[PDB]
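Take a look at this one chain, the form deposited in one PDB entry, written out in structure tokens.
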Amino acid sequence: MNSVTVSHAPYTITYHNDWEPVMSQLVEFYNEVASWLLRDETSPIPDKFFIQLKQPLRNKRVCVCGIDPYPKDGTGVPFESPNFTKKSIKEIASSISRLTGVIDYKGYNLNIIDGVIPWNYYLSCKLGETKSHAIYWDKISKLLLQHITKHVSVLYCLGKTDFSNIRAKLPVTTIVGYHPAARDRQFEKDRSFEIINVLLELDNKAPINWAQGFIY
């Protein structure tokens, strides 16, 4: 583990060694726009903006990515819902339940599954307004995502319309599935997770054990 200083809150950013190559523009990019982000109450709170940088990248082969945090109650861990109330994490868990057969569980977290890094493209939003901080995170978001995609084999984005713009880099397998909170798309939502393992050892990589996310 490592650490850097920034001009505004959260003042300090702790990060895993794998993130070193991009940390120097991150600091420069953040100081430029940080003043704007902190004008607003955010999801998550500033102290939790960068906590996913503590994650290693070399052991990751799948990135499950949403466009930005929950409009409220963000934790800094993408999709995480401590009391298991957010529709997204509830719907994701349902899909995994139908794929694995696990029926009894109390919660689910993408951040405890070997080889998976859960990621939010924009790292904050004005409380209650999705994609409201897109203009600020822009250069940071491209910088970080591109760093992720050189390590992972499969990038799985959630939100067809959410990811309507946004550039990504080759070669990475990239699927844009339906947002977990989207209406009757249970069939396609389920098989999107299922197809990820098929794709992973097309690239001859170990499958993902999605059942590891369950909280009992």
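C-alpha atoms forming the largest set that superposes within 1.5 Å between two forms make up the rigid core. Numbers follow the displayed sequence, beginning with 1.
The form deposited in another entry exists for this protein as well; it is not shown, and the discussion that follows is about that form.
Q: Tell me, which of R61, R185, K48, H147 is the one whose C-alpha shifts by at least 2 Å between this form and the one not shown, with the rigid core superposed?
A: The residue that shifts is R185.
Q: Can you confirm the direction of the Cα distance change for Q186 and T100 in the other form, closer or farther than in this form, given it is 3 Å or more?
A: The answer is farther, because the C-alphas of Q186 and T100 separate from each other in the other form by 3 Å or more.
Q: Taking the shown form as reference, are the C-alpha positions of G177 and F187 brought closer or pushed farther apart in the other form, with a change of 3 Å or more?
A: Closer: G177 and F187 approach by 3 Å or more in the other form.
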